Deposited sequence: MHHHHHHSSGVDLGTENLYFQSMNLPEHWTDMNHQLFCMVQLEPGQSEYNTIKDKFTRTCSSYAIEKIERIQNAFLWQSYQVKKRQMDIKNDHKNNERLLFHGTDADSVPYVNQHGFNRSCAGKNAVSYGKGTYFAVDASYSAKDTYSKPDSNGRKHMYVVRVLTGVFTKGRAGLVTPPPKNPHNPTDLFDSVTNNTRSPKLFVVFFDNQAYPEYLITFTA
């Protein structure tokens, strides 16, 4: 059940689709970016259509929706990426096994594109082109992280296997989220931009 707004893939399972500037989808994603990165120039925005990653992600979403016995498990966040990792992420998504890991050994996502836009996360390539994903993340129920976590903490130490879904730097006002499991993050758009 591949989303309606995806465009036909001629029976293929992976496609990157360049969005048309000035149409609704492009304008929505651009506005999420320019909220904090209005000094940056957008060269292009690509929709990531990865059927297998989507399938695996949607399964985890339906599971977290049952487990948490409410919705609102999903946030739209940013991930800066070096050019050399874009093909792997487009195909395979985010892998904790591949910077500061102060809040645990998981994959990091920023609330603000400005954070992911730092050269440390979105390293300029030969031509000064920077790369950042807009990511559907299953943040679910979250707590403050700490160094050395390999999974989120338990919600209550009396049930050590019933875990928080993610961790953050700050629970009242989060600026980053860490997830510790494959298929808790779906890379939805890739933004190619310059300083």
The record leaves without C-alpha coordinates the deposited-sequence stretches 1-23, 122-124
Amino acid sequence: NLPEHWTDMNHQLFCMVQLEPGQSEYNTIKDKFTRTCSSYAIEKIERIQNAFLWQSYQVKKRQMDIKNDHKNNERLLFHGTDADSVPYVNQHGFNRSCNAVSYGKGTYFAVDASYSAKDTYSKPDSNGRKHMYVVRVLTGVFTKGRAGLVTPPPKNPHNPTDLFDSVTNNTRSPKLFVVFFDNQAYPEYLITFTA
From here on, numbers count along this sequence of modelled residues.
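Note that the rigid core is defined as the largest set of C-alphas that superpose within 1.5 Å between two forms.
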Top-deviation stretch by C-alpha RMS in 9 other deposited structures of this protein (rigid core reference), from 63-71, 128-136, is 63-71
Rigid core superposed, root mean square over structures and residues, which stretch has C-alphas farther from this form in 9 other deposited structures of this protein, 157-165 or 52-60?
-> 157-165
Of 137-145 and 65-73, the one with larger mean CA B-factor | 65-73
Take the C-alpha B-factors listed in the entry for 54-62 and for 123-131, compute each mean, and give the stretch with the larger one.
-> 123-131
Could you tell me which one of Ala185, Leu19, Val178, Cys15 shows the highest CA temperature factor in the PDB record?
-> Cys15
In the PDB entry, which of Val101, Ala117, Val89, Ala110 has its C-alpha at the highest B-factor?
-> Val101
How does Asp162 rank on Cα B-factor within its chain, lowest, middle or highest third?
-> highest
Is the Cα B-factor recorded for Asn156 in the lowest, middle or highest third of its chain?
-> highest
